[PDB]
**Student:** 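Structure in structure tokens, see below.
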Amino acid sequence: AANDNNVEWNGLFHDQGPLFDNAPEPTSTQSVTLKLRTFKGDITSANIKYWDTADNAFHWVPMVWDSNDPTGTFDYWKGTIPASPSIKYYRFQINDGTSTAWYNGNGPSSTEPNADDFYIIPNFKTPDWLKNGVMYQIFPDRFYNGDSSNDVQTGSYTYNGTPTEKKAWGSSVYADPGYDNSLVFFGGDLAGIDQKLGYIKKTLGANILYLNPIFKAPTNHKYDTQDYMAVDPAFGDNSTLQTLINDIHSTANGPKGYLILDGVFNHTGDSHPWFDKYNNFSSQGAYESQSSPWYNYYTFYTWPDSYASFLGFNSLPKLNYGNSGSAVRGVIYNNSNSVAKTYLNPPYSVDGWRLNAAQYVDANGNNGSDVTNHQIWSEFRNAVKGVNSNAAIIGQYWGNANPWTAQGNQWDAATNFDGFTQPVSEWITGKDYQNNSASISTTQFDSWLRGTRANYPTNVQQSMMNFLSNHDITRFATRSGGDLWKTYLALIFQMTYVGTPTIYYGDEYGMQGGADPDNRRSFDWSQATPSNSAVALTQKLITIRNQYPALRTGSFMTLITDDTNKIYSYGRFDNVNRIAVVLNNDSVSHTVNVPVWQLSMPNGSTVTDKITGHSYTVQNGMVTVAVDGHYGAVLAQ
Ligand SMILES: OC[C@H]1O[C@@H](O[C@H]2[C@H](O)[C@@H](O)[C@@H](OC[C@H]3O[C@@H](O[C@H]4[C@H](O)[C@@H](O)[C@H](O[C@H]5[C@H](O)[C@@H](O)[C@@H](OC[C@H]6O[C@H](O[C@H]7[C@H](O)[C@@H](O)[C@@H](O[C@H]8[C@H](O)[C@@H](O)[C@@H](OC[C@H]9O[C@H](O[C@H]%10[C@H](O)[C@@H](O)[C@@H](O)O[C@@H]%10CO)[C@H](O)[C@@H](O)[C@@H]9O)O[C@@H]8CO)O[C@@H]7CO)[C@H](O)[C@@H](O)[C@@H]6O)O[C@@H]5CO)O[C@@H]4CO)[C@H](O)[C@@H](O)[C@@H]3O)O[C@@H]2CO)[C@H](O)[C@@H](O)[C@@H]1O
Ligand SMILES: OC[C@H]1O[C@H](O[C@H]2[C@H](O)[C@@H](O)[C@H](O[C@H]3[C@H](O)[C@@H](O)[C@H](OC[C@H]4O[C@@H](O[C@H]5[C@H](O)[C@@H](O)[C@H](O)O[C@@H]5CO)[C@H](O)[C@@H](O)[C@@H]4O)O[C@@H]3CO)O[C@@H]2CO)[C@H](O)[C@@H](O)[C@@H]1O
Ligand SMILES: OC[C@H]1O[C@@H](O[C@H]2[C@H](O)[C@@H](O)[C@H](O)O[C@@H]2CO)[C@H](O)[C@@H](O)[C@@H]1O
Ligand SMILES: OC[C@H]1O[C@@H](O)[C@H](O)[C@@H](O)[C@@H]1O
Ligand SMILES: OC[C@H]1O[C@H](O)[C@H](O)[C@@H](O)[C@@H]1O
Ligand SMILES: [Ca+2]
Ligand SMILES: [Ca+2]
Ligand SMILES: [Ca+2]
């Protein structure tokens, strides 16, 4: 490069990784020093332009040359944004004579952007164990029956005039005639999970567990809560939970673990004593009497048959959060003996909550996604973080969760459907996560990922729940036609991308299943061993991620987007590590010349494909590696 009235986008780069930001999660008193990369001697001037919420105006901070990278290929321009309590957003204006280019969260641009600027949210912190961990999701009843004595039997009890049905382990999940899909139980419980911690924390290596509902409820999924204060008898009791939490936190059976619980706070089941539609309690619920001490916990349009609920389901009456200081906000999160704080406090001390249907939480029966909804979650945050500043908060949202995270006063992250699940699904399987035809090329994939990451602050990005699938969508293995290689590719990408790798029990070995409830089959433990290639790779990958901080909290730079050969290469890097990931989304093999010079990997230095053990030597900024179709290489140094 040179001073030639031309700013070369290729050399330009910046994100909030260690090399470019010395304060990614600053306090009110820490200033943020930014570094921008450009080809050596490529520009003439560069400036940081930031909008400060303090005075609603833009501010200018001319940058100065700071240094060259070890390979003398790039320049690092420096500039500092002053320390203060206010949220700020910035972008860079890069000049080279008569040529100007802009750069922000969405990369280089010819015209000045007005959205996707980088974020600086003082005092906003997301739990680092979440950024650096690997999560494992479990749908309780279908993981492992560790205690058959608490098993729900056929006919044990009935719900809304329908007996429960028990299935032999491994059988189909669909209810037989006379029964209901939501009342089919396989016997999965807490003792079961406790007995299989070794497989989770050692065989795989995951250090975080997220469980679907485990509180008293009549269904098998349990989102129709009957009592948040008691573990459903079928899964055990509260002391069984205490034991499990102790074994999860234990460092004597593997790495230190963390437990995240599903919080269904937008509604309750219709059989919860506060509502008591079927009169299962001597107390009087809202449905039973307009005098009920809990009458105002709900919204009735025409008492008692017509009332607000979750998406029209009468079994899920919607809670009325009213205004600040309301009884409802008290039992859910404000009171020390509320659902949220009870489990966050001893003798439970869980590590976080997954906010179910979080966007709908509101007052008076409205559907949220408004001021009230956001006011509630920001109070929810103070409450949780007041009890444990390291307790994670991850909300369920299928689109852009920027409105619930970009101000650092609500959730730490969100279920990454839009930023991970969908793009990965369409790129590798040619299907969206509902299994309908939807394909995207590599260039598109890379563009989809960049735009979605730009929707969130860096610490949020690094805390997003990235799963290939879950209890509400179809199995990745099913969307791929059983082609286990597509699972390999998915895993390698998932374990090396930005965000919390999240495995939905079964995906690690390639489990199938279509739309609910078929996406909640019982875990086949004969497949749960390294003899299964998917499992072995999963474990291998998890070890690799835990080995390099760069894969968890490092920068991310796109390296190759080849739609012809279907090759995707990106680099994860920081002050100490440079890692080039090369993915082959094609069905045949391809030899790729990886431009590792982009990550400043010195010539003559060696790299190692952590996935095969095979080592390579960097020569002329490149590294040639052969990669099978639907597979990948993780060149690290
Ligand atoms: O062998 C296979 C090979 O061969 C071929 O395959 C063939 C196959 O052989 C054929 O048989 C054939 O099968 C097709 C499919 O048939 C299915 O059966 C049909 C049913 O018979 C029929 O009744 C049904 O019709 C309606 C139904 O009547 C309606 O009532 C309605 O029901 C919806 C839903 O209700 C209940 O859901 C529960 C949940 O289970 C429970 O967990 C909880 O939900 C909570 C969430 O879990 C939690 O995360 C949170 O979520 C909040 C979000 O909610 C909303 O998101 C929705 C989203 O909108 C949906 O798209 C989807 O993703 O679900 C999510 C989650 O709900 C909201 O939008 C978001 O914003 C929120 O964030 O909170 C909630 C609440 O707390 O509670 C709910 C409610 O109580 C039931 O339990 C559940 O089962 C049910 O689905 O809708 C259905 C229709 O949608 O229709 C089905 C299908 O037509 C079988 O069941 C299927 O398994 C089968 O796939 O054809 C196939 C061909 O494909 C093939 O050729 C080969 O390829 C195969 O390999
Ligand atoms: O901060 C630690 C830093 O210290 C040392 O760098 C000093 C340097 O010794 C000073 O000369 C420098 O002062 C000015 C300089 O007078 C001015 O001309 C220059 O203009 C910007 C141009 O900078 C160019 O970068 C480097 C180039 O990459 C090097 O190979 C070459 O030897 O030096 C130049 C800078 O002179 C850039 O490529 C051009 O496009 C720019 O037009 O700006 C500097 C600084 O404002 O101050 C430096 C303090 O940082 C060490 O040499 C350095 O390694 C340490 O990182
Ligand atoms: O979070 C909403 C919105 O915020 C955007 O940041 C700044 C923007 O940089 C500034 O130019 C404008 O005046 O104010 C907004 C904040 O209100 C961010 O760039 C967007 O992506 C984001 O959607
Ligand atoms: O068509 C399916 C094919 O996908 C490719 O990615 C794999 O390398 C092959 O082994 C497999 O047979
Ligand atoms: O369907 C394609 C689009 O899907 C979603 O809206 C993504 O957020 C967007 O980035 C992508 O372009
Ligand atoms: Ca130039
Ligand atoms: Ca059991
Ligand atoms: Ca009653």
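First listed ligand is number 1; within each ligand, the first listed atom is number 1. Position 1 is the first residue of the sequence; numbering continues from there.
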**Student:** Is atom 68 (C) of ligand 1 touching the protein, meaning some protein heavy atom lies under 4.0 Å away?
**Tutor:**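 Given the 4.0 Å cut-off, atom 68 (C) of ligand 1 counts as touching protein heavy atoms.
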
**Student:** Which of the atoms of ligand 1 are close to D518, meaning less than 4.0 Å from one of its heavy atoms?
**Tutor:**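 Listed by number with element, the hits are 99 (O).
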
**Student:** Regarding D472 and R520, does a basic nitrogen lie under 4.0 Å from an acidic carboxylate oxygen?
**Tutor:**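 Yes, charged N to carboxylate O under 4.0 Å.
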
**Student:** Using heavy-atom distances only, which candidate in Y433, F313, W398, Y397 approaches atom 65 (C) of ligand 1 most closely?
**Tutor:**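 Among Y433, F313, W398, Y397, the closest heavy atom to atom 65 (C) of ligand 1 comes from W398.
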
**Student:** With distance as the sole criterion, is a donor-acceptor pair present between the side chains of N364 and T299 under 3.5 Å?
**Tutor:**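 Their side chains do not contain a donor-acceptor pair, so the 3.5 Å distance test is not met.
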
**Student:** Would the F445 and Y568 ring centres measure less than 6.0 Å apart?
**Tutor:**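 Close enough - the centres of the two rings lie under 6.0 Å apart.
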
**Student:** Report yes or no: does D609 contribute a side-chain atom to a donor-acceptor pair with the main-chain N or O of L635 at less than 3.5 Å?
**Tutor:**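 Checking the backbone N and O of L635 against the side chain of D609, no donor-acceptor pair under 3.5 Å is found.
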
**Student:** Starting from atom 83 (O) of ligand 1, find the nearest protein heavy-atom neighbour and note its residue, name and distance.
**Tutor:**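 Result for atom 83 (O) of ligand 1: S182 OG, 3.4 Å.
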
**Student:** Taking it one step at a time, do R475 and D507 satisfy side-chain contact (heavy atoms from CB on, under 4.5 Å)?
**Tutor:** CA-CA 8 Å; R475 288 282 176 174; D507 274 7; 3.1 Å; yes

**Student:** Strictly by modelled atom types, are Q16 and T458 linked by a side-chain donor-acceptor pair under 3.5 Å?
**Tutor:**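 Short answer, yes.
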
**Student:** Are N106 and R450 close enough that a side-chain donor and a side-chain acceptor fall under 3.5 Å?
**Tutor:**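 There is such a pair (donor and acceptor under 3.5 Å, judged by atom type) between the side chains of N106 and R450.
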
**Student:** Tell me: protein heavy atom nearest atom 54 (O) of ligand 1, and distance?
**Tutor:**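 Protein heavy atom with the smallest distance to atom 54 (O) of ligand 1: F310 CZ, 3.1 Å.
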
**Student:** Starting from atom 78 (O) of ligand 1, find the nearest protein heavy-atom neighbour and note its residue, name and distance.
**Tutor:**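 Result for atom 78 (O) of ligand 1: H221 NE2, 3.9 Å.
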
**Student:** Quick one: does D516 get within less than 4.0 Å of ligand 1, heavy atoms only?
**Tutor:**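 Yes, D516 has heavy atoms under 4.0 Å from ligand 1.
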
**Student:** Please check atom 8 (O) of ligand 4 for a protein heavy-atom neighbour under 4.0 Å.
**Tutor:**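 Flag for atom 8 (O) of ligand 4 set to true, protein heavy atom closer than 4.0 Å.
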
**Student:** Only one of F523, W169, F186 clears ring pair (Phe, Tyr, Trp, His ring centres under 6.0 Å) with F143; which?
**Tutor:**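 Exactly one pass, corresponding to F523.
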
**Student:** Of all the atoms in ligand 4, which lie at a distance below 4.0 Å from a heavy atom belonging to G629?
**Tutor:**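 So the atoms of ligand 4 that pass are 6 (O), 8 (O).
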
**Student:** Does the protein place a non-hydrogen atom closer than 4.0 angstrom to atom 105 (O) of ligand 1?
**Tutor:**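 No, there is no protein heavy atom closer to it than 4.0 Å.
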
**Student:** Going by distance only, is there an N or O of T452 that falls short of 3.5 Å from an N or O of ligand 5?
**Tutor:**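 No; the residue has no nitrogen or oxygen that sits under 3.5 Å from a nitrogen or oxygen of the ligand.
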
**Student:** Would you kindly say whether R142 and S522 are connected by a side-chain donor-acceptor distance under 3.5 Å?
**Tutor:**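 Side-chain D/A pair, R142 to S522: absent.
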
**Student:** Which protein non-hydrogen atom lies closest to atom 53 (C) of ligand 1, naming both residue and atom, and how far is it?
**Tutor:**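 Its nearest protein heavy-atom neighbour is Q396 NE2, 3.4 Å.
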
**Student:** Heavy-atom pairs closer than 4.0 Å: do any link ligand 1 to the side chain of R354, the backbone, both, or neither?
**Tutor:**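 For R354, the contact with ligand 1 is made by the side chain alone.
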
**Student:** Around atom 100 (C) of ligand 1, find the nearest protein heavy atom and jot down its residue, atom name and distance.
**Tutor:**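 Ranked first by proximity to atom 100 (C) of ligand 1 is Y174 OH, 4.0 Å.
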
**Student:** Suppose we measure from atom 2 (C) of ligand 5 to each protein heavy atom; which comes out shortest, and what is that distance?
**Tutor:**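 The answer is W448 CZ3, 3.7 Å.
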
**Student:** For atom 8 (O) of ligand 5, what is the nearest protein heavy atom, given as residue, atom name and distance?
**Tutor:**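 Result for atom 8 (O) of ligand 5: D418 OD1, 3.0 Å.
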
**Student:** Do we get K222 above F235's six-membered ring, with its NZ or CZ under 6.0 Å from the centre and within 45° of the axis?
**Tutor:**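 Ring-cation test returns yes.
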
**Student:** Check the angle between the aromatic planes of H374 and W404 and answer parallel, tilted or perpendicular using the 30° and 60° thresholds.
**Tutor:**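 The rings of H374 and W404 sit tilted, inter-plane angle from 30° to 60°.
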
**Student:** Which is it for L311 and ligand 1 at heavy atoms under 4.0 Å: side chain, backbone, both or neither?
**Tutor:**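 For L311, the contact with ligand 1 is made by the side chain alone.
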
**Student:** Nearest protein heavy atom to atom 24 (C) of ligand 1: under 4.0 Å?
**Tutor:**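 Protein heavy atoms within 4.0 Å of atom 24 (C) of ligand 1 - there are none.
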
**Student:** Parallel, tilted or perpendicular, judged at 30° and 60°: which one describes the rings of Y287 and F275?
**Tutor:**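 Correct class here is tilted.
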
**Student:** Can you tell which part of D472 has a heavy atom less than 4.0 Å from ligand 1: side chain, backbone, both or neither?
**Tutor:**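 Answer for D472: both.
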
**Student:** Any carboxylate oxygen within less than 4.0 angstrom of a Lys/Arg side-chain nitrogen, looking at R521 and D518?
**Tutor:**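 Yes.
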
**Student:** For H630, counting its heavy atoms only, list the atoms of ligand 4 lying under 4.0 Å from any of them.
**Tutor:**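 Atoms satisfying the 4.0 Å criterion: 4 (O), 5 (C), 6 (O).
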
**Student:** Quick one: does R520 get within less than 4.0 Å of ligand 1, heavy atoms only?
**Tutor:**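 Per 4.0 Å heavy-atom rule, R520 contacts ligand 1.
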
**Student:** Is atom 17 (C) of ligand 1 less than 4.0 angstrom from some protein heavy atom?
**Tutor:**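 No, there is none.
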
**Student:** For atom 40 (O) of ligand 1, is some protein heavy-atom partner under 4.0 Å away?
**Tutor:**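 There is a protein heavy atom less than 4.0 Å from atom 40 (O) of ligand 1.
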
**Student:** Please report which non-hydrogen protein atom sits nearest to atom 77 (O) of ligand 1, along with the residue it belongs to and the distance in Å to one decimal place.
**Tutor:**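 Here the closest protein heavy atom is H267 NE2, 2.9 Å.
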
**Student:** To which protein heavy atom is atom 50 (C) of ligand 1 closest, and what is the distance rounded to 0.1 Å?
**Tutor:**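 For atom 50 (C) of ligand 1, the nearest protein heavy atom is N356 OD1, 2.8 Å.
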
**Student:** Of the protein's non-hydrogen atoms, which lies at the shortest distance from atom 71 (O) of ligand 1, and what is that distance?
**Tutor:**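 Nearest protein contact, heavy atoms only, for atom 71 (O) of ligand 1 is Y360 OH, 2.7 Å.
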
**Student:** Should the pair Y504 and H471 be assigned to parallel (<30°), tilted (30 to 60°) or perpendicular (>60°) ring geometry?
**Tutor:**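 Judged by the thresholds at 30° and 60°, the geometry between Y504 and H471 is tilted.
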
**Student:** Any nitrogen or oxygen of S315 lying under 3.5 Å from a nitrogen or oxygen in ligand 1? Just yes or no.
**Tutor:**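 Such a contact does not occur with ligand 1.
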
**Student:** Do the ring planes of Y228 and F265 sit parallel (below 30°), tilted (30 to 60°) or perpendicular (above 60°)?
**Tutor:**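 If you compare the ring of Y228 with that of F265, the planes turn out tilted.
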
**Student:** Provide the number and element of each atom of ligand 1 under 4.0 Å from a heavy atom of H471.
**Tutor:**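 Heavy-atom distances to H471 below 4.0 Å select 47 (O), 48 (C), 49 (O).
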
**Student:** Return yes when at least one protein heavy atom is under 4.0 Å from atom 12 (O) of ligand 4, and no when none is.
**Tutor:**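 Given the 4.0 Å cut-off, atom 12 (O) of ligand 4 does not count as touching protein heavy atoms.
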
**Student:** Protein heavy atom under 4.0 angstrom of atom 58 (C) of ligand 1, is there one?
**Tutor:**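 No.
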
**Student:** Which residue and atom name correspond to the protein heavy atom nearest atom 10 (O) of ligand 4, and how close is it?
**Tutor:**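 Here the closest protein heavy atom is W485 NE1, 3.4 Å.
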
**Student:** Please confirm whether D483 comes under 4.0 Å of ligand 4, counting heavy atoms of the residue only.
**Tutor:**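 Contact present.
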
**Student:** Any heavy atom of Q434 closer to ligand 1 than 4.0 angstrom?
**Tutor:**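 Under 4.0 Å: yes for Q434.
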
**Student:** Under 4.0 Å between a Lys/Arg side-chain N and an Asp/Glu carboxylate O for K318 and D362?
**Tutor:**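 Judged by the 4.0 Å cut-off on N to carboxylate O distance, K318 and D362 do not form a salt bridge.
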
**Student:** Does only the side chain of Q512 get under 4.0 Å from ligand 1, or the backbone, or both, or neither? Count heavy atoms.
**Tutor:**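 Neither part.
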
**Student:** Salt bridge between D232 and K216, side-chain N to carboxylate O under 4.0 Å?
**Tutor:**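 Salt bridge absent between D232 and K216.
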
**Student:** Please tell me if atom 32 (O) of ligand 1 is touched by the protein, where touching means a protein heavy-atom distance below 4.0 Å.
**Tutor:**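 No; the ligand atom in question lacks any protein heavy-atom contact below 4.0 Å.
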
**Student:** Backbone N or O of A357 within a donor-acceptor pair of the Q396 side chain at under 3.5 Å?
**Tutor:**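 Checking the backbone N and O of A357 against the side chain of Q396, a donor-acceptor pair under 3.5 Å is found.
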
**Student:** Tell me whether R91 forms a cation-pi arrangement with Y103, defined as NZ or CZ under 6.0 Å from the six-membered ring centre and within 45 degrees of its axis.
**Tutor:**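 No.
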
**Student:** Once the angle between the rings of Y488 and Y631 is folded into 0 to 90°, is it parallel (under 30°), tilted (30 to 60°) or perpendicular (over 60°)?
**Tutor:**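 Perpendicular.
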
**Student:** Could any protein non-hydrogen atom be found less than 4.0 Å from atom 47 (O) of ligand 1?
**Tutor:**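 So atom 47 (O) of ligand 1 has protein heavy-atom neighbours under 4.0 Å.
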
**Student:** Against ligand 1, does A515 come closer than 4.0 Å with any heavy atom?
**Tutor:**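 Yes, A515 has a heavy atom closer than 4.0 Å to ligand 1.
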
**Student:** Less than 4.0 Å between a side-chain N and a carboxylate O, is that true for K431 and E426?
**Tutor:**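 Looking at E426 and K431, the cut-off is not met.
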
